[PDB]
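1. Next one to model:
(chains A and B)
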Amino acid sequence: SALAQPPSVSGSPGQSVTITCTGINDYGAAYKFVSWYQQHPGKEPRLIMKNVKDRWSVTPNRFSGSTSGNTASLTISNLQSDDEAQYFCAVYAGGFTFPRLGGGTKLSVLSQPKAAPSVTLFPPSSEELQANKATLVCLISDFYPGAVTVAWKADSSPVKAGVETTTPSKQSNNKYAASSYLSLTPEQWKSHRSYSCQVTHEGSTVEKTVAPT
Amino acid sequence: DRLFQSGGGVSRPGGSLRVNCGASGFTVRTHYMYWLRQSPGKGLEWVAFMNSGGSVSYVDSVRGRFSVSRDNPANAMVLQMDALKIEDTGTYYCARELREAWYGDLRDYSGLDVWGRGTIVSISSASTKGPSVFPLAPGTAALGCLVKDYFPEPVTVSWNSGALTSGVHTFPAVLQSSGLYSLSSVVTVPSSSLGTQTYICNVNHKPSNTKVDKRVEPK
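-> Residues are numbered from 1 along each chain as shown, chains lettered A, B, ... in the order given. Coordinates below:
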């Protein structure tokens, strides 16, 4: 399966940040070649770094890698606005068919103080239920930086099907907004005790719960 | 060394599309090549691998539906996509991987150093469609309008024909896997105004000549 990366890291301009990549030795003892890729929004990925710490082409001295056997690290110093991007680690060894990919880290360069999200969760309306449909609406606003993870639960177990979540987009007040929708059948809605929208942001979580009523 | 792409596009479930991947500076047919895809706002996932000898490996979820072939006169490879599903929507990339291997003994590995810019693939059963508008029932209270399942963009939303603007937040739409859009608009009002001040969201979707005024009432 996949390597483990934080969904997001953030750092202040001038400072340094480290993106970690764990699980490198979950599949054998063969030497692992670790590569890092940078992808700006709307653009294709770019190879940054190979063999943990060997910089690729015109990757500045600011990008360095280290490694702890099971966790490889990419450290970016003198952080600046161009560094805002998604970063993917990859591990290849002899015998792999595909390199293993990490899930990606969104890197944010803080140009203002962090702001926690406000979260509003609406249950399905009886009008929509009458149309044999059910939509849970989770509205997320006023956060910074613009990176959130949204998870849904039915009672206490995670739900993945029927979830549609926007990419965060800048509000007029310079913080961000996002929406997540959980589509259910009316039978699914009524047959559970509650549904929950969980919003993770800079390692903190807000959870809102609704119940058929 | 450059890769360039073309093709892709829009198709109903079950249809077919093709993505091309050509090289300059090197020949596809002597290099290790990869296809990847990325669902919007998500991460990279593998699609197919072609080694320098031309054997192709597929991820399980596309085997039997997708096939990769060499087009040597165009110094290219082609991703033929048949029996398309909703899950196949995304931006598709081809890439070249640099490695040093004698026999099956890898000596060095650089990674995917050359990438195409990506080709958009959209699997959708969507055509022009007006939205269904549902009320989101409400110190202060938050009430709103859910504007569900419309196509194409955009819809506009106002409240009380524009007499109510303070406290309004209309959220960017979500593009669903169906290919349809949905958005919500929510307004924050004094709770003492509920059941004495009427709240109506005015939704307009000019591509389908649909206008909806929904009264949003307290439960």
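2. ok, how many other residues are close to residue A:40?
-> 13 (other Cβ atoms under 10 Å in any protein chain shown). For the C-beta atoms, the positions are set from N, CA and C on the backbone; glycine is no exception.
3. Find the nearest non-adjacent residue to it, please.
-> Spatial nearest neighbour of residue A:40, excluding adjacent residues (Cβ to Cβ, 6 or more residues apart in numbering or on different chains): residue A:85 at 4.9 Å.
4. count of residues packed around that neighbour?
-> For residue A:85, the neighbour count with other Cβ under 10 Å is 21.
5. Is residue A:101 bridged to anything, and to what?
-> residue A:90 (DSSP bridges).
6. List the residues that contact it.
-> Residues near residue A:101 by Cβ atoms under 8 Å, 6 or more residues apart in numbering or on different chains: A:2, A:3, A:88, A:89, A:90, B:43, B:44, B:45, B:46.
7. Adding secondary structure as columns, could you present those residues in a markdown table?
-> Shown next, in a markdown table, are those (DSSP: H, G, I helix; E, B strand; the rest coil):
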| residue | secondary structure |
| --- | --- |
| A:2 | coil |
| A:3 | strand |
| A:88 | strand |
| A:89 | strand |
| A:90 | strand |
| B:43 | coil |
| B:44 | strand |
| B:45 | strand |
| B:46 | strand |
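8. Ranking by neighbours, what's the top pick from the residues you listed?
-> For the contacts of residue A:101, the largest neighbour count, defined by other Cβ under 10 Å, is 31 neighbours, found at residue A:89.
9. Mind listing the residues bridging to residue B:175?
-> residue B:181.
10. Can you verify my assumption that it contacts residue B:181?
-> Yes: judged on Cβ atoms under 8 Å, residue B:175 makes contact with residue B:181 at a distance of 5.8 Å.
11. overlap in contacts of these two?
-> Here residue B:175 and residue B:181 share no contacting residue, scored by Cβ under 8 Å, 6+ apart.
12. and the gap between the residue in chain A sticking out farthest from the centre and chain B?
-> Outermost residue of chain A with respect to the C-alpha centroid, by Cα atoms, centre = their mean, is residue A:130; its distance is 35.5 Å. Plainly put, residue A:130 is 10 Å away from chain B if you go by Cβ to the nearest Cβ, to the nearest Å.
13. Can you list the buried residues in stretch A:188-198?
-> Buried residues in stretch A:188-198, counting neighbours by 16 or more other Cβ atoms under 10 Å in any protein chain shown, are found at A:189, A:192, A:195, A:196, A:197, A:198.
14. er, stretch B:82-97 I mean
-> Buried residues in stretch B:82-97 (16+ other Cβ under 10 Å): B:84, B:88, B:89, B:90, B:91, B:92, B:93, B:94, B:95, B:96, B:97.
15. phi, psi of residue 188?
-> No chain specified, so I'll use chain A. phi -60, psi -50 (degrees, to the nearest 10).
16. and the gap between it and chain B?
-> According to Cβ to the nearest Cβ, residue A:188 and chain B sit 17 Å apart.
17. how about stretch A:18-35, does it get close to chain B?
-> Yes: with Cβ under 8 Å from any Cβ of the partner chain as the measure, stretch A:18-35 is seen reaching chain B through A:33, A:35.
18. How about stretch A:169-184?
-> Yes: using Cβ under 8 Å from any Cβ, stretch A:169-184 reaches chain B at A:169, A:177, A:178, A:179, A:181.
19. Take that stretch, keep the C-alpha atoms, and write them as CSV.
-> As requested, the backbone C-alpha atoms of stretch A:169-184 are provided in CSV (Å, rounded to 0.1, in the frame of the first residue of the first chain):
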residue,chain,number,x,y,z
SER,A,169,-10.9,28.5,-1.8
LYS,A,170,-10.0,32.0,-0.6
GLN,A,171,-12.8,34.1,1.0
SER,A,172,-12.9,37.9,0.7
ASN,A,173,-11.5,38.2,4.3
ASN,A,174,-8.4,36.2,3.1
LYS,A,175,-9.3,33.0,5.1
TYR,A,176,-10.6,29.9,3.3
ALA,A,177,-13.9,28.1,2.8
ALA,A,178,-14.8,24.5,2.0
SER,A,179,-17.9,22.4,1.7
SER,A,180,-18.4,18.6,2.1
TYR,A,181,-21.6,16.8,1.1
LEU,A,182,-22.6,13.3,2.2
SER,A,183,-25.3,11.8,-0.1
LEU,A,184,-27.4,9.1,1.5
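20. ok, the spatially most central residue of chain B - contacts?
-> Nearest residue to the geometric centre of chain B (Cα atoms, centre = their mean): residue B:40, 4.3 Å. Residues in contact with residue B:40 (Cβ under 8 Å, 6+ apart) are A:167, B:89, B:90, B:91, B:175.
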